[PDB]
Amino acid sequence: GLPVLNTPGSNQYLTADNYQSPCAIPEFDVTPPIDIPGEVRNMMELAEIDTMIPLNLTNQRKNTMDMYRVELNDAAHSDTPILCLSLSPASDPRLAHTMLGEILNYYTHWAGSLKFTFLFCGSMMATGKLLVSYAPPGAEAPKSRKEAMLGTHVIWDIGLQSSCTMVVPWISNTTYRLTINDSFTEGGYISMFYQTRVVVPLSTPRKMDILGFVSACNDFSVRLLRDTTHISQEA
Amino acid sequence: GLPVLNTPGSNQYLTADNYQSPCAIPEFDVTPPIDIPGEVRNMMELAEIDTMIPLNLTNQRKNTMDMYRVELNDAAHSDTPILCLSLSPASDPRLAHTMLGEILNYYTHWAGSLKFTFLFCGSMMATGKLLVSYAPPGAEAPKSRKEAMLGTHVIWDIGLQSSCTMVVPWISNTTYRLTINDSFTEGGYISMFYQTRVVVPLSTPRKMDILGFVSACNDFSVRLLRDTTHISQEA
Amino acid sequence: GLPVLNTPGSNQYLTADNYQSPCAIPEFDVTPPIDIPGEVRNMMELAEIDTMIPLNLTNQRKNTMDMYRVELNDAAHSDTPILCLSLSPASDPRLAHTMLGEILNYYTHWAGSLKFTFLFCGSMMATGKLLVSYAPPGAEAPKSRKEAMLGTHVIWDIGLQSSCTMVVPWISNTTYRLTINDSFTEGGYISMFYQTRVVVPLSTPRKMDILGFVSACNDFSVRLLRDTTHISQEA
Amino acid sequence: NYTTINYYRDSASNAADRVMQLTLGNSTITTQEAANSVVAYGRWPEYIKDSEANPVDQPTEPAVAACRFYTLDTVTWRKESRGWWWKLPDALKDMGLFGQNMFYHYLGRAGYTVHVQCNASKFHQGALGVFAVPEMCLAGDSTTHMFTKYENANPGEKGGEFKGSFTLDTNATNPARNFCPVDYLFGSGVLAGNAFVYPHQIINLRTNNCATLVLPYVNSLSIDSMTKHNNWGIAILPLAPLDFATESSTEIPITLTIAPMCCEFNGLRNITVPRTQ
Amino acid sequence: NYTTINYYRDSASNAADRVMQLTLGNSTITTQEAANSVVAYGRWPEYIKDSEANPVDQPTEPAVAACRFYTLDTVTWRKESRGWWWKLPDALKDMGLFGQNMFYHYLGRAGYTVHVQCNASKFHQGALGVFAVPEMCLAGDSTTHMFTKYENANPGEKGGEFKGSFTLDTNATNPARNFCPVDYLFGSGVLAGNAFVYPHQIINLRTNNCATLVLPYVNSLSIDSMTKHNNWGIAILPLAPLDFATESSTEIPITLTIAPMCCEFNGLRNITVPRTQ
Amino acid sequence: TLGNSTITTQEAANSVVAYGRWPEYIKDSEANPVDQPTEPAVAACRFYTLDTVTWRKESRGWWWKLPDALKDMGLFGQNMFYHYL
Amino acid sequence: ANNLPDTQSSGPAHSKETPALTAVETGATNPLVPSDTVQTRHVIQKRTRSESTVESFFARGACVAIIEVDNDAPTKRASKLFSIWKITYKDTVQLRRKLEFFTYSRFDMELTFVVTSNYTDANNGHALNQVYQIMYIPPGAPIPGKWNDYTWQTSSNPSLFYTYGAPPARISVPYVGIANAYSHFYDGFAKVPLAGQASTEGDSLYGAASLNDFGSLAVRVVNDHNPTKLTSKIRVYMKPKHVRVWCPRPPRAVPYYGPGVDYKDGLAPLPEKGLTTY
Ligand SMILES: CCCCCCCCCCCCC/C=C/[C@H](O)[C@H](N)CO
């Protein structure tokens, strides 16, 4: 019939191809869809939902419910950090297993601003000011509030509103970052410090907890879908 | 389905083919380009940049910085050549490793006019006249200025302007020349002679250096891309 | 992708096919053509050029320059033929190696009128009349002028014009003839006779030579290109 | 004619002159024996455009505080000099408020005006090639690949010198971990004579006393870390050796004056204190 | 009908009479017994057009100084003559200012007017085929392929003679390295009777005394080296042997007069002095 | 520039045209010979360099005769000796 | 890519304009043409720079990796049942040099896989046609430790299943750089060592960054082992497509020594030739 020439790539199976195939059940009467609540079109919609960060991965806290709580107290003011995180949303252990991290571990490249939301879970009678800081990479990781205040930061006043959002802006040399611990595409450093201190009256718990959440911003995106390392099979 | 016939050449891989293939990372969000300075569209743009010629490939000068300098002196006038080159921009050792030669060694055929630029690097107090000659092939290579002046040539006066350009015109029987030492497509002979001589006053260096550069003209072109012999790998 | 069906003839190589193939030297700057004299579009253009016939293939004349000359003399009139040829332009030894024969030996079928041109190379003082005859096949090959004059023929007067053309017309049962010695497609018989005789005065050479040439007419054509038997290779 | 149809979504799947004055901030340079001035790739330095801004936080633009000429340490040109190299912004890390902004921010971007000065009499000889090389990577001195340490790769305003011949560092206990830039290989395994593909100027002592190169910010990113990455490399090579009146032992100074241009910094934090040599 | 669509960029990938007077310069030829004149391939010689000029330097066109008839050495036609050959421009390398321009320039181009003259009485017999062969390559005389040396391949105005039979040069110590052109093989492994595919004229002594061939410049290049490459070859063969009145020992001269036409030369240098036989 | 020859000068004292008359070809109103002339043009109308002389303190001067000084110079001398005029 | 300019006729010249004399000190290449220095005729140019375009220059499949795998048995410790290859163009020189003509590049890529297999011994029987799995492992994704561990489910990792004897497999990739262009050269470090910390910490390889981190390819034979060992090799051919390049550099003149610009051997690339020898 029609003269044809078989190019290279013939008879190959590429799992990413997009080709028409014969139907094995022709004329099947497909059940129509109903309007089910909660439809999702993009994985970034899930990445945009705040999920609690397992911040406290110490030996006795990891793999319990205590790994999500960070304990503050009413001690005297100090410049040492409350918590320190590395901005590796996919490879950092404290971030890898959040929903954002879980989605990023199916992709190779990511880019966009993040939001960290901290919720104060002390009593109504507790007051304080915290400093949540993001340092772009390149310099030494801030070991005191004096270093941390030189980077991006927010001073959080704990009052009638017990939650504060810090947006980590997209500050990268490359247009995309890798989802692995990588020096050339390192993200930066999140840290928390006491601004003044936590003050409580008498007959109040002197130790309280903060909970951490992370999510993506509307400018976030990923690409180069890959296989995750968070699931494996034996034999 | 549609009757088809498989022509010869089916299931072959030609490294020069141009075929559509399935994407292995569908829906990837590609990082947009920024305006980076120094974009290149054609290799002939690079071939059009003057590059220093390793003219002096003697035993003690080759593979040093001295191989680029040609030493003139204030001796008495002589008709012997200062330097002699063979117009084989890809196969001639003194030309093969210039940028023009490097680009030509990725191609089989070339055609067009060349420009040789000579820079005088003596003192301001030095004066002289040189004769830069191109002889199309066929006759004996000019061994004296008397023979050289019968071909294409330029008389260069060394004064306030220390650089002179000689254009070697495209004079070839074939529409293209080969990039190898080849008799039927031989290029010709470049030579330099003293026109009068180099004259210096007292308290001035009596020996000076000229530097040679080569580049292509806007009528230059290559074709039949091939693998170069200037890079090789072991084991 | 698109459902396709591989017809028979897929993955075959036919040396006569006409298919597109990938270019191994993409973007090559092809040297433009110049107007070269003597362009040929059809092999029949070459077949239409008169070429000398090796008429005299005797033992001592073949494979010398004498094989092209046919010797006439001033003897008394005779009805025996001067020369006899078989109209097999490709298989006849005297015709096979003419340019017409050489071209026909690359083809299987041929059809059209031929022209035989005879040039008289005696002295100006020689006079005579010859009879050049073509007999279509079927009857006995003419052994005397009396038989030959019953077929197609021309009476050639040797005077101020020393050349005569006889057109062998296309007289064939089949629309094409084969290029081999074949009975069903046999061509006929060319012959030459003395009409009166060759007369010379005294002090003139009594033996002269005629040269034979053959060519095709503008109605000539060939077909079914094949491999010739006039060239072969060893080992 | 031929027909082309794409059967896939992603497009990846588809088939294939002499008198000049330069004023920046409170600094001014006058030249009378200049060989014009080169703008690298014909692109003038500029600020990041909103269409190409990766970082979201407001940049700081010190302008005249940092966009001004700083003069580096003078080097000496002798008959035996093989050449010198500097890295930008590394050569300016200890230069006024420019270095302060460089070390207080995570991201920095700047173009440059490089002015090389080398005056000699009318009885001197010699030529200097001054080359601006983007991503001027230099070869190390050990069998270990890419083994040069940060301290040596960032010498500062002194820069480094090219070498006549390659020497291998065999000290296993205390490796030098320094560069070994060979002058005729341009320090990167490429013939120096081809280095003219880079933006450049030649100071021929008979013609000009100075060279000026306007380097735009060149990088695969709109803005990067200045402490990690050196955008440019300034390489000076003697093309023609220095000579003078046969007296010998002559040496003339070469001075380098670099002005950063269109400085932008992002990611303010505590200052970076890099480890010293 | 059928449909064709090209799926590639490069088009290579796509599917498949008697009284005459000739005046050139200060030379004139009159003929009364001419068999007309042949223009090879119907193309008159011409100068290079700007649309086809490869060399860029201004050509020199000596015009009448070189575009004029030069007469070569006369040869003798006997009963035993097998034929003669000449190479153009080789046959004119020692002819006035034409040869001077030929040897002073690297590139040369010229057409020709070849006039072969052979007068005999009305009681003579014989025919001469005069053939203009582009790229008239001739076979050598040794088992070594392509072994003919330059000196023999360029005999000059004397040319060479064809041979009745092929002789092999077995002298290993001092090989002749000369041509061995066999007359019936036309000197190139092709039957002489087919040589009429080339532009030609026959001098039949009963009809005409002369032949005229106007050869255009024919080559795969617009202009070439005249010292390296012979554009044309003039071959004269006795088609009919010479005979006269049975006296025997008769011999008549054949004279060759060639005028180069539309001479263009490029690449002036010192003169070329080729090695002599 | 004449033919394939070119001369560049930077320290010239201008150039003199003798009697203010530029060289020209014979006009039909002044042609004595009737036969067609030959004009080699670039083949002969080009610069030929003579032997260099040396200027010393004791030099008294030199003289040349034209066209005599060019009788052995390329195709100019050839045309000179092949023609009567 | 487009047609070259024509050559205009030039006659004799006598003027104060001197295109030949210039000053290379400016760093500018003199844009002379033949008509400036010699008399020229008119030539209607028909040559073109179509094959000199950056697209044509890189429009070839260049081998960049030869990955060796085996199908012998799990017990055999000398047979590598799967092979992981870091994705890079620096394992081969020819494409590396052509690319390092430029500082920056940006292009889509076409990967072609040519698989050749053979027997290693004769007296152990024969084998059935093999299927190869080539799994792309982007950085951060789990890396197979065994030829048959869970990682080869490829629920998210792109994977190519090639049947032996079929035409070479082929995939296309968009520009997947996290920067706006690929960096052939990176004059810097991934870490800046900070004053105070030990010399062990902060030390990073020169010129190495995550710009060139693209993950790896894990190649295995999906078939179970036949009683005889079969050795296979996958050859990876990389073809840049839609190429843009920036900042041309002189090409590599001496042999490559490692992933960086280091040189150790063959530092004398130029031969010896007389100054006045043609
Ligand atoms: C389908 C599974 C196996 C095949 C898929 C492998 C995809 C890997 C493609 C992305 C990584 C390579 C991208 C380009 C490589 C280098 O960066 C360029 N040569 C840089 O010049």
# chains A, B, ... in the order shown; residues from 1 in each chain; ligands from 1
>>> residues_near_ligand(ligand="ligand 1", cutoff="9 Å", atoms="only C-alpha atoms and all ligand atoms", output="JSON, numbers by chain")
{"A": [14, 15, 16, 224], "B": [23, 24, 25], "G": [87, 88, 89, 90, 95, 96, 99, 100, 104, 105, 106, 107, 108, 109, 110, 111, 112, 113, 133, 134, 135, 136, 137, 138, 157, 158, 159, 160, 161, 170, 171, 172, 173, 174, 175, 176, 177, 181, 182, 183, 184, 211, 212, 213, 214, 215, 216, 217, 218, 219, 238, 239, 240]}
>>> interface_residues(of="chain E", to="chain G", cutoff="9 Å", atoms="only C-alpha atoms", output="ChimeraX atom specification")
/E:49-59
>>> interface_residues(of="chain F", to="chain G", cutoff="8 Å", atoms="only C-alpha atoms", output="ChimeraX atom specification")
/F:1-4
>>> atom_distance(atom1="CA of residue 38 in chain E", atom2="CA of residue 70 in chain E")
19.3 Å
>>> closest_residue(among="G:26, G:231, G:197, G:223", to="chain B", atoms="only C-alpha atoms")
G:26
>>> residues_around(residues="residue 36 in chain B", least_positions_apart="4", cutoff="12 Å", atoms="only C-alpha atoms", output="ChimeraX atom specification")
/B:32,40 /D:40-46,48,52,134,216-223 /G:103-106,179-183,244-247
